[PDB]
file model_28.pdb (PDB, C-alpha atoms and all ligand atoms)
MODEL        1
ATOM      1  CA  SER A  31       6.759  31.315  49.761
ATOM      2  CA  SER A  32       9.943  29.394  50.583
ATOM      3  CA  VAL A  33       7.550  27.327  52.810
ATOM      4  CA  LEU A  34       4.594  25.198  51.623
ATOM      5  CA  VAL A  35       1.853  25.095  54.227
ATOM      6  CA  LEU A  36      -0.671  22.221  54.113
ATOM      7  CA  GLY A  37      -3.756  22.142  56.253
ATOM      8  CA  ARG A  38      -7.373  21.190  56.700
ATOM      9  CA  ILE A  39     -10.415  22.146  58.696
ATOM     10  CA  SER A  40     -10.141  20.112  61.837
ATOM     11  CA  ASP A  41     -11.973  19.771  65.124
ATOM     12  CA  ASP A  42      -9.182  17.388  66.296
ATOM     13  CA  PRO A  43      -5.712  18.563  65.158
ATOM     14  CA  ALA A  44      -3.828  16.113  67.490
ATOM     15  CA  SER A  45      -5.217  13.235  65.421
ATOM     16  CA  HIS A  46      -5.247  14.856  62.009
ATOM     17  CA  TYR A  47      -1.640  16.051  62.026
ATOM     18  CA  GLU A  48      -0.512  12.501  61.137
ATOM     19  CA  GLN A  49      -2.838  12.454  58.152
ATOM     20  CA  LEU A  50      -1.041  15.392  56.591
ATOM     21  CA  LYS A  51       2.669  15.224  57.545
ATOM     22  CA  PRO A  52       3.569  12.135  55.486
ATOM     23  CA  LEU A  53       2.206  13.525  52.175
ATOM     24  CA  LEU A  54       3.782  16.902  52.986
ATOM     25  CA  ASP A  55       7.136  15.118  53.582
ATOM     26  CA  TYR A  56       6.716  13.444  50.164
ATOM     27  CA  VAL A  57       5.728  16.658  48.349
ATOM     28  CA  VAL A  58       8.250  19.271  49.690
ATOM     29  CA  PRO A  59      11.500  17.771  48.227
ATOM     30  CA  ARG A  60       9.754  17.409  44.888
ATOM     31  CA  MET A  61       9.051  21.141  44.867
ATOM     32  CA  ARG A  62      12.629  22.416  45.208
ATOM     33  CA  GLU A  63      12.839  23.595  41.659
ATOM     34  CA  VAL A  64       9.987  26.079  42.288
ATOM     35  CA  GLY A  65      11.587  27.623  45.389
ATOM     36  CA  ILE A  66      10.025  25.448  48.118
ATOM     37  CA  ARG A  67      12.556  24.441  50.756
ATOM     38  CA  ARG A  68      10.418  23.436  53.697
ATOM     39  CA  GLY A  69       6.942  22.446  54.816
ATOM     40  CA  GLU A  70       4.569  23.245  57.651
ATOM     41  CA  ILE A  71       1.166  22.030  58.777
ATOM     42  CA  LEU A  72      -1.507  24.560  59.854
ATOM     43  CA  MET A  73      -5.031  23.407  60.593
ATOM     44  CA  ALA A  74      -8.061  25.564  61.507
ATOM     45  CA  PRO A  75     -11.244  24.883  63.585
ATOM     46  CA  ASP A  76     -13.743  25.857  60.854
ATOM     47  CA  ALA A  77     -14.126  27.146  57.306
ATOM     48  CA  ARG A  78     -14.251  30.774  58.352
ATOM     49  CA  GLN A  79     -10.947  30.631  60.156
ATOM     50  CA  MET A  80      -9.340  28.573  57.407
ATOM     51  CA  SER A  81     -10.598  31.103  54.900
ATOM     52  CA  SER A  82      -8.863  33.881  56.892
ATOM     53  CA  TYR A  83      -5.613  31.873  56.913
ATOM     54  CA  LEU A  84      -5.889  31.261  53.169
ATOM     55  CA  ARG A  85      -6.576  34.916  52.394
ATOM     56  CA  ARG A  86      -3.700  36.001  54.581
ATOM     57  CA  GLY A  87      -1.228  33.514  52.980
ATOM     58  CA  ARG A  88      -0.809  31.420  56.160
ATOM     59  CA  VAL A  89      -2.050  28.239  54.500
ATOM     60  CA  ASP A  90      -1.262  27.287  50.855
ATOM     61  CA  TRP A  91      -3.053  24.035  50.211
ATOM     62  CA  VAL A  92      -5.948  22.107  51.860
ATOM     63  CA  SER A  93      -7.713  18.822  50.959
ATOM     64  CA  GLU A  94     -11.441  19.132  51.802
ATOM     65  CA  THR A  95     -14.858  17.656  50.868
ATOM     66  CA  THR A  96     -16.451  19.660  48.138
ATOM     67  CA  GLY A  97     -19.040  21.653  50.155
ATOM     68  CA  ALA A  98     -16.417  22.943  52.596
ATOM     69  CA  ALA A  99     -14.202  23.666  49.607
ATOM     70  CA  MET A 100     -16.946  25.845  48.106
ATOM     71  CA  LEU A 101     -17.245  27.758  51.378
ATOM     72  CA  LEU A 102     -13.574  28.627  50.993
ATOM     73  CA  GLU A 103     -13.988  29.554  47.300
ATOM     74  CA  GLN A 104     -17.000  31.784  48.075
ATOM     75  CA  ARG A 105     -15.071  33.618  50.746
ATOM     76  CA  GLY A 106     -12.429  34.638  48.127
ATOM     77  CA  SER A 107      -9.691  32.564  49.747
ATOM     78  CA  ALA A 108      -8.991  29.569  47.453
ATOM     79  CA  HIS A 109      -9.608  27.759  44.131
ATOM     80  CA  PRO A 110      -9.628  24.097  42.932
ATOM     81  CA  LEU A 111      -6.340  22.454  41.908
ATOM     82  CA  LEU A 112      -7.365  18.799  41.456
ATOM     83  CA  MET A 113     -10.453  16.493  42.028
ATOM     84  CA  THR A 114      -9.662  13.897  44.698
ATOM     85  CA  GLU A 115     -10.793  10.299  45.041
ATOM     86  CA  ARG A 116     -10.938   8.798  48.544
ATOM     87  CA  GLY A 117     -11.540   5.112  49.507
ATOM     88  CA  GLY A 118     -11.794   4.377  45.754
ATOM     89  CA  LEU A 119     -14.827   6.611  45.297
ATOM     90  CA  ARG A 120     -15.097   9.727  43.284
ATOM     91  CA  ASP A 121     -18.606  10.676  44.640
ATOM     92  CA  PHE A 122     -20.644  10.663  47.775
ATOM     93  CA  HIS A 123     -24.114  11.599  48.932
ATOM     94  CA  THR A 124     -26.074  12.364  52.058
ATOM     95  CA  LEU A 125     -28.512   9.917  53.600
ATOM     96  CA  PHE A 126     -31.177  10.672  56.204
ATOM     97  CA  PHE A 127     -31.792   7.924  58.731
ATOM     98  CA  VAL A 128     -34.152   7.165  61.671
ATOM     99  CA  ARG A 129     -34.831   4.412  64.205
ATOM    100  CA  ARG A 130     -36.662   1.494  62.445
ATOM    101  CA  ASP A 131     -39.567   1.925  64.892
ATOM    102  CA  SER A 132     -39.880   5.667  63.995
ATOM    103  CA  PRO A 133     -43.063   6.844  62.335
ATOM    104  CA  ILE A 134     -40.885   8.789  59.808
ATOM    105  CA  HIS A 135     -40.707   7.118  56.298
ATOM    106  CA  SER A 136     -39.778  10.028  53.967
ATOM    107  CA  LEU A 137     -38.064  13.419  53.994
ATOM    108  CA  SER A 138     -41.454  15.311  54.074
ATOM    109  CA  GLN A 139     -42.269  13.693  57.433
ATOM    110  CA  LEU A 140     -39.330  15.576  58.985
ATOM    111  CA  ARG A 141     -41.955  18.311  59.611
ATOM    112  CA  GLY A 142     -42.584  18.273  63.357
ATOM    113  CA  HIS A 143     -39.351  16.458  64.122
ATOM    114  CA  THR A 144     -35.688  17.008  64.913
ATOM    115  CA  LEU A 145     -32.595  16.463  62.877
ATOM    116  CA  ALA A 146     -29.054  15.899  64.106
ATOM    117  CA  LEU A 147     -26.467  17.699  62.027
ATOM    118  CA  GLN A 148     -22.707  18.052  62.470
ATOM    119  CA  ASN A 149     -21.066  21.484  62.160
ATOM    120  CA  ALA A 150     -21.318  24.389  59.665
ATOM    121  CA  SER A 151     -18.257  23.191  57.694
ATOM    122  CA  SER A 152     -19.569  19.637  56.984
ATOM    123  CA  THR A 153     -20.557  18.740  53.400
ATOM    124  CA  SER A 154     -22.506  15.547  54.022
ATOM    125  CA  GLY A 155     -23.580  16.377  57.572
ATOM    126  CA  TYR A 156     -24.694  19.974  57.105
ATOM    127  CA  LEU A 157     -24.534  21.636  53.713
ATOM    128  CA  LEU A 158     -26.120  18.871  51.622
ATOM    129  CA  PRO A 159     -28.884  17.986  54.068
ATOM    130  CA  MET A 160     -29.824  21.677  54.579
ATOM    131  CA  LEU A 161     -29.812  22.154  50.818
ATOM    132  CA  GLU A 162     -32.099  19.179  50.443
ATOM    133  CA  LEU A 163     -34.513  20.613  52.944
ATOM    134  CA  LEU A 164     -34.575  23.996  51.220
ATOM    135  CA  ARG A 165     -35.392  22.331  47.855
ATOM    136  CA  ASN A 166     -38.351  20.500  49.419
ATOM    137  CA  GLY A 167     -39.682  23.614  51.221
ATOM    138  CA  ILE A 168     -39.158  21.960  54.594
ATOM    139  CA  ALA A 169     -38.484  24.659  57.198
ATOM    140  CA  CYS A 170     -35.825  23.732  59.725
ATOM    141  CA  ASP A 171     -35.157  26.196  62.556
ATOM    142  CA  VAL A 172     -32.045  25.898  64.749
ATOM    143  CA  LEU A 173     -32.896  24.297  68.109
ATOM    144  CA  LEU A 174     -31.018  25.372  71.191
ATOM    145  CA  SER A 175     -30.840  22.112  73.068
ATOM    146  CA  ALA A 176     -32.232  18.613  73.140
ATOM    147  CA  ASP A 177     -35.176  19.912  75.304
ATOM    148  CA  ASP A 178     -36.106  22.434  72.590
ATOM    149  CA  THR A 179     -38.819  21.470  70.102
ATOM    150  CA  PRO A 180     -39.605  22.471  66.580
ATOM    151  CA  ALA A 181     -42.593  24.591  65.603
ATOM    152  CA  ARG A 182     -45.524  22.635  64.364
ATOM    153  CA  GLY A 183     -45.276  22.329  60.642
ATOM    154  CA  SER A 184     -41.524  22.950  60.815
ATOM    155  CA  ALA A 185     -38.607  20.679  61.488
ATOM    156  CA  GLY A 186     -35.713  21.752  63.722
ATOM    157  CA  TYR A 187     -32.034  20.878  63.860
ATOM    158  CA  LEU A 188     -29.438  20.324  66.522
ATOM    159  CA  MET A 189     -25.667  20.624  65.937
ATOM    160  CA  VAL A 190     -24.062  17.706  67.773
ATOM    161  CA  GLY A 191     -20.449  18.030  66.412
ATOM    162  CA  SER A 192     -19.178  14.624  65.485
ATOM    163  CA  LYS A 193     -20.464  11.997  63.091
ATOM    164  CA  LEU A 194     -20.672   9.452  65.894
ATOM    165  CA  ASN A 195     -22.791  11.877  67.860
ATOM    166  CA  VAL A 196     -25.238  12.049  65.010
ATOM    167  CA  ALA A 197     -25.537   8.233  65.158
ATOM    168  CA  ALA A 198     -25.612   8.150  69.044
ATOM    169  CA  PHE A 199     -28.249  10.893  69.393
ATOM    170  CA  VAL A 200     -30.695   9.254  67.032
ATOM    171  CA  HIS A 201     -30.034   5.770  68.503
ATOM    172  CA  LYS A 202     -30.672   6.908  72.049
ATOM    173  CA  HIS A 203     -34.007   8.592  71.073
ATOM    174  CA  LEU A 204     -32.741  12.117  71.735
ATOM    175  CA  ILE A 205     -33.195  13.368  68.082
ATOM    176  CA  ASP A 206     -35.545  11.845  65.404
ATOM    177  CA  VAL A 207     -33.412  12.002  62.215
ATOM    178  CA  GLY A 208     -29.720  11.920  61.428
ATOM    179  CA  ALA A 209     -27.718  13.044  58.364
ATOM    180  CA  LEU A 210     -24.461  11.300  57.294
ATOM    181  CA  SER A 211     -22.745  10.419  53.983
ATOM    182  CA  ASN A 212     -23.299   7.024  52.392
ATOM    183  CA  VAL A 213     -19.590   6.397  53.022
ATOM    184  CA  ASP A 214     -19.911   7.430  56.730
ATOM    185  CA  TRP A 215     -22.833   4.935  56.907
ATOM    186  CA  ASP A 216     -20.463   1.994  56.301
ATOM    187  CA  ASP A 217     -17.651   3.383  58.395
ATOM    188  CA  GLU A 218     -17.762   1.698  61.856
ATOM    189  CA  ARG A 219     -16.097   4.624  63.773
ATOM    190  CA  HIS A 220     -18.940   6.906  62.679
ATOM    191  CA  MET A 221     -21.844   4.414  62.558
ATOM    192  CA  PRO A 222     -21.367   1.505  65.058
ATOM    193  CA  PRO A 223     -23.126  -1.707  63.990
ATOM    194  CA  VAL A 224     -24.851  -1.818  67.409
ATOM    195  CA  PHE A 225     -26.614   1.442  66.434
ATOM    196  CA  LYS A 226     -26.788   0.730  62.703
ATOM    197  CA  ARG A 227     -29.000  -2.347  63.042
ATOM    198  CA  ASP A 228     -31.640  -0.201  64.747
ATOM    199  CA  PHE A 229     -31.798   2.318  61.863
ATOM    200  CA  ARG A 230     -33.577   2.726  58.569
ATOM    201  CA  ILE A 231     -32.607   5.054  55.652
ATOM    202  CA  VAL A 232     -35.456   7.402  54.667
ATOM    203  CA  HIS A 233     -33.906   9.621  51.945
ATOM    204  CA  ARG A 234     -30.824  10.033  49.739
ATOM    205  CA  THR A 235     -29.506  13.196  48.094
ATOM    206  CA  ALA A 236     -28.046  13.434  44.626
ATOM    207  CA  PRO A 237     -24.274  12.693  44.676
ATOM    208  CA  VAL A 238     -21.523  15.284  44.527
ATOM    209  CA  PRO A 239     -17.775  14.820  43.963
ATOM    210  CA  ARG A 240     -16.241  13.579  47.185
ATOM    211  CA  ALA A 241     -13.219  15.902  47.667
ATOM    212  CA  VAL A 242     -10.982  18.475  46.063
ATOM    213  CA  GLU A 243      -7.443  19.885  46.538
ATOM    214  CA  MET A 244      -7.729  23.623  46.918
ATOM    215  CA  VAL A 245      -4.922  26.181  46.822
ATOM    216  CA  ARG A 246      -4.939  29.686  48.119
ATOM    217  CA  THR A 247      -5.789  32.890  46.264
ATOM    218  CA  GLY A 248      -2.564  34.377  44.874
ATOM    219  CA  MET A 249      -0.358  31.240  45.084
ATOM    220  CA  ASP A 250       2.561  31.690  42.765
ATOM    221  CA  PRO A 251       1.511  30.129  39.376
ATOM    222  CA  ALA A 252       4.778  28.124  39.145
ATOM    223  CA  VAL A 253       4.236  26.603  42.559
ATOM    224  CA  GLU A 254       0.651  25.866  41.804
ATOM    225  CA  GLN A 255       1.423  24.046  38.475
ATOM    226  CA  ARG A 256       4.234  22.030  40.077
ATOM    227  CA  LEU A 257       2.208  20.973  43.052
ATOM    228  CA  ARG A 258      -0.416  19.747  40.575
ATOM    229  CA  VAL A 259       2.155  17.668  38.652
ATOM    230  CA  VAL A 260       3.586  16.240  41.891
ATOM    231  CA  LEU A 261       0.186  15.151  43.196
ATOM    232  CA  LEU A 262      -0.927  13.737  39.799
ATOM    233  CA  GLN A 263       2.157  11.467  39.761
ATOM    234  CA  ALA A 264       1.992  10.470  43.461
ATOM    235  CA  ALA A 265      -0.898   7.986  43.056
ATOM    236  CA  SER A 266       1.273   5.706  40.900
ATOM    237  CA  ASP A 267       4.449   6.263  42.950
ATOM    238  CA  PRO A 268       5.014   3.354  45.465
ATOM    239  CA  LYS A 269       7.094   5.835  47.451
ATOM    240  CA  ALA A 270       3.783   7.791  48.001
ATOM    241  CA  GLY A 271       1.658   4.766  48.928
ATOM    242  CA  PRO A 272       1.792   4.965  52.721
ATOM    243  CA  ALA A 273       1.499   8.768  52.732
ATOM    244  CA  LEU A 274      -1.607   8.625  50.555
ATOM    245  CA  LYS A 275      -3.212   5.978  52.772
ATOM    246  CA  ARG A 276      -2.722   8.308  55.705
ATOM    247  CA  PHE A 277      -4.048  11.332  53.677
ATOM    248  CA  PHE A 278      -7.723  10.295  54.098
ATOM    249  CA  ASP A 279      -7.078   7.116  52.069
ATOM    250  CA  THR A 280      -6.650   9.162  48.907
ATOM    251  CA  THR A 281      -6.699   6.672  46.012
ATOM    252  CA  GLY A 282      -6.607   9.160  43.132
ATOM    253  CA  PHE A 283      -6.203  12.746  41.923
ATOM    254  CA  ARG A 284      -7.309  14.104  38.559
ATOM    255  CA  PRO A 285      -7.529  17.320  36.547
ATOM    256  CA  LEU A 286     -10.558  19.508  36.739
ATOM    257  CA  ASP A 287     -12.578  18.880  33.658
ATOM    258  CA  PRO A 288     -15.696  20.585  32.340
ATOM    259  CA  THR A 289     -18.034  18.156  34.083
ATOM    260  CA  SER A 290     -16.366  18.492  37.525
ATOM    261  CA  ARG A 291     -16.189  22.276  37.091
ATOM    262  CA  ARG A 292     -19.918  22.413  36.367
ATOM    263  CA  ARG A 293     -20.734  20.150  39.331
ATOM    264  CA  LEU A 294     -18.701  22.357  41.670
ATOM    265  CA  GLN A 295     -20.478  25.367  40.190
ATOM    266  CA  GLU A 296     -23.863  23.721  40.967
ATOM    267  CA  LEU A 297     -22.810  22.725  44.481
ATOM    268  CA  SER A 298     -21.396  26.181  45.067
ATOM    269  CA  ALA A 299     -24.788  27.715  44.071
ATOM    270  CA  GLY A 300     -26.487  25.377  46.551
ATOM    271  CA  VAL A 301     -24.012  26.167  49.313
ATOM    272  CA  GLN A 302     -24.505  29.876  48.698
ATOM    273  CA  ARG A 303     -28.261  29.332  48.964
ATOM    274  CA  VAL A 304     -27.829  27.466  52.288
ATOM    275  CA  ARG A 305     -25.675  30.321  53.584
ATOM    276  CA  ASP A 306     -28.159  32.947  52.403
ATOM    277  CA  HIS A 307     -31.128  31.234  54.072
ATOM    278  CA  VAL A 308     -29.553  29.778  57.283
TER     279      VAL A 308
HETATM  280 CL    CL A 401     -16.994  15.036  38.574
ENDMDL
END
call {"tool": "encode", "arguments": {"input": "model_28.pdb", "output": "structure tokens"}}
result
Amino acid sequence: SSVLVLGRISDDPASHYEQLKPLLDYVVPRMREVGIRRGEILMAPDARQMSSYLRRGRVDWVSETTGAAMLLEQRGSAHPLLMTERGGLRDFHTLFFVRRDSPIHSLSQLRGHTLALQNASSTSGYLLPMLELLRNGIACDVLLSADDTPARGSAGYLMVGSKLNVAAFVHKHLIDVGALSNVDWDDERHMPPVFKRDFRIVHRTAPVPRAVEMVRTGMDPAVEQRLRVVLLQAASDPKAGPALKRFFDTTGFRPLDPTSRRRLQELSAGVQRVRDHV
């Protein structure tokens, strides 16, 4: 508690370290008056491991998309500090896409077909699309490999890891349907135009808030309130501009308000339902 530890869920810590260190370097000196003297970065491979870090006090603060953030809240390990705006957008949503020449035109026609998802900690690439399928009564069994096939009447899903893989697998006719966020859709690292032109969007989910700053269970209340004040004033500090760009292009932070609290409550119910029935 003389150290502030920032992290995130990361399948690529070599790359993501640089996203975190600049804002941490900005924050730490502004926290002296609450006993912080130094900073550290600690990332984890998935929500379950990050949750264990959080609960054990090894990580203090993470910035995550809201579904992942609810996984951490449900596991007893953290709570919301601030709503976060990235790329100028407060919200995002999941889209389902196929090859243009696919016979699939709606979400219901997933029955009989395969779906490329990301990993269990993804909001837009796992939690939201699985929630959507549960709501529509569309069964979706885990498939073991690209040779495996769904039951008739059911869909099936394959975990391919990365967002690009979701695009690549559907493009190359290995899986029928992909799930990515509407923001991922226009991001060329995740959805190359050479694949994108061969795709058609078949369904959109309702939006959720894009991201949230979470802090661990049992953080000292003085540290928590000061971190909040620091981050709230960073967005208008020019001294924080480059750091924020690097921190997932964060363009805003704001207080939790009754609306955002209720939306997180709704999303958390949905995430809990996904976890209970997957
Ligand atoms: Cl909101």
call {"tool": "closest_residue", "arguments": {"input": "model_28.pdb", "among": "A:228, A:145, A:162, A:151", "to": "residue 196 of chain A", "atoms": "only C-alpha atoms"}}
result
A:145
call {"tool": "closest_atom_pairs", "arguments": {"input": "model_28.pdb", "of": "chain A", "to": "ligand CL 401 (chain A)", "cutoff": "8 Å", "atoms": "all atoms listed in the file", "output": "tab-separated table"}}
result
residue	atom	partner	partner_atom	distance
A:113	CA	A:CL401	CL	7.5
A:120	CA	A:CL401	CL	7.3
A:121	CA	A:CL401	CL	7.6
A:238	CA	A:CL401	CL	7.5
A:239	CA	A:CL401	CL	5.4
A:287	CA	A:CL401	CL	7.6
A:289	CA	A:CL401	CL	5.6
A:290	CA	A:CL401	CL	3.7
A:291	CA	A:CL401	CL	7.4
A:293	CA	A:CL401	CL	6.4
call {"tool": "closest_residue", "arguments": {"input": "model_28.pdb", "among": "A:226, A:259, A:199, A:139", "to": "residue 183 of chain A", "atoms": "all atoms listed in the file"}}
result
A:139
call {"tool": "atom_distance", "arguments": {"input": "model_28.pdb", "atom1": "atom CA of residue 99 of chain A", "atom2": "atom CA of residue 298 of chain A"}}
result
8.9 Å
call {"tool": "axis_aligned_box", "arguments": {"input": "model_28.pdb", "around": "segment 32-42 of chain A", "padding_each_side": "3 Å", "output": "AutoDock Vina command-line options"}}
result
--center_x -1.0 --center_y 23.4 --center_z 58.4 --size_x 27.9 --size_y 18.0 --size_z 21.7
call {"tool": "atom_distance", "arguments": {"input": "model_28.pdb", "atom1": "atom CA of residue 142 of chain A", "atom2": "atom CA of residue 195 of chain A"}}
result
21.3 Å
call {"tool": "residues_around", "arguments": {"input": "model_28.pdb", "residues": "residue 132 of chain A", "least_positions_apart": "6", "cutoff": "10 Å", "atoms": "only C-alpha atoms", "output": "list in words"}}
result
residues 203, 206, 207, 229 and 230 of chain A
call {"tool": "write_last_selection", "arguments": {"input": "model_28.pdb", "atoms": "C-alpha atoms", "output": "PDB file, in the frame of the given file"}}
result
ATOM      1  CA  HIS A 203     -34.007   8.592  71.073  1.00  0.00           C
ATOM      2  CA  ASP A 206     -35.545  11.845  65.404  1.00  0.00           C
ATOM      3  CA  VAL A 207     -33.412  12.002  62.215  1.00  0.00           C
ATOM      4  CA  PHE A 229     -31.798   2.318  61.863  1.00  0.00           C
ATOM      5  CA  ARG A 230     -33.577   2.726  58.569  1.00  0.00           C
TER       6      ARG A 230
END
call {"tool": "build_atoms", "arguments": {"input": "model_28.pdb", "residues": "segment 247-271 of chain A", "atoms": "N, CA and C atoms", "output": "compact mmCIF listing (two decimals), in the frame of the given file"}}
result
# COMPACT_ATOMS: atom_id res chain seq x y z
N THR A 247 -5.83 31.64 47.03
CA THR A 247 -5.79 32.89 46.26
C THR A 247 -4.37 33.46 46.24
N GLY A 248 -3.88 33.76 45.05
CA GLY A 248 -2.56 34.38 44.87
C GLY A 248 -1.34 33.48 45.02
N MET A 249 -1.51 32.16 45.12
CA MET A 249 -0.36 31.24 45.08
C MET A 249 0.41 31.53 43.82
N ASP A 250 1.71 31.52 43.94
CA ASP A 250 2.56 31.69 42.76
C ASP A 250 2.21 30.66 41.66
N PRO A 251 1.91 31.10 40.42
CA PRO A 251 1.51 30.13 39.38
C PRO A 251 2.50 28.97 39.15
N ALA A 252 3.79 29.21 39.36
CA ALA A 252 4.78 28.12 39.15
C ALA A 252 4.66 27.05 40.21
N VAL A 253 4.35 27.50 41.42
CA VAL A 253 4.24 26.60 42.56
C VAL A 253 2.98 25.81 42.40
N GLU A 254 1.91 26.49 42.02
CA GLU A 254 0.65 25.87 41.80
C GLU A 254 0.77 24.75 40.74
N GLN A 255 1.41 25.04 39.59
CA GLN A 255 1.42 24.05 38.48
C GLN A 255 2.30 22.84 38.86
N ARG A 256 3.32 23.09 39.68
CA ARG A 256 4.23 22.03 40.08
C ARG A 256 3.61 21.13 41.13
N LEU A 257 2.92 21.74 42.09
CA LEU A 257 2.21 20.97 43.05
C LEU A 257 1.22 20.01 42.37
N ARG A 258 0.53 20.52 41.37
CA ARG A 258 -0.42 19.75 40.58
C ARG A 258 0.27 18.52 39.92
N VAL A 259 1.43 18.74 39.31
CA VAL A 259 2.15 17.67 38.65
C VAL A 259 2.61 16.67 39.69
N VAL A 260 3.14 17.17 40.81
CA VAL A 260 3.59 16.24 41.89
C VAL A 260 2.45 15.34 42.37
N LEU A 261 1.28 15.93 42.63
CA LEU A 261 0.19 15.15 43.20
C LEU A 261 -0.37 14.17 42.14
N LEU A 262 -0.49 14.62 40.90
CA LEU A 262 -0.93 13.74 39.80
C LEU A 262 -0.04 12.51 39.67
N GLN A 263 1.28 12.65 39.82
CA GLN A 263 2.16 11.47 39.76
C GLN A 263 2.32 10.66 41.07
N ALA A 264 1.84 11.17 42.20
CA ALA A 264 1.99 10.47 43.46
C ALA A 264 1.21 9.17 43.53
N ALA A 265 0.00 9.16 42.98
CA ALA A 265 -0.90 7.99 43.06
C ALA A 265 -0.28 6.72 42.48
N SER A 266 0.55 6.86 41.44
CA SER A 266 1.27 5.71 40.90
C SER A 266 2.73 5.58 41.41
N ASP A 267 3.16 6.45 42.31
CA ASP A 267 4.45 6.26 42.95
C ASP A 267 4.31 5.36 44.19
N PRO A 268 5.01 4.18 44.24
CA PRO A 268 5.01 3.35 45.46
C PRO A 268 5.60 4.09 46.65
N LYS A 269 6.52 5.02 46.39
CA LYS A 269 7.09 5.84 47.45
C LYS A 269 6.02 6.73 48.11
N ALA A 270 4.86 6.94 47.46
CA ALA A 270 3.78 7.79 48.00
C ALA A 270 2.66 6.98 48.61
N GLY A 271 2.75 5.64 48.50
CA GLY A 271 1.66 4.77 48.93
C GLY A 271 1.22 4.91 50.39
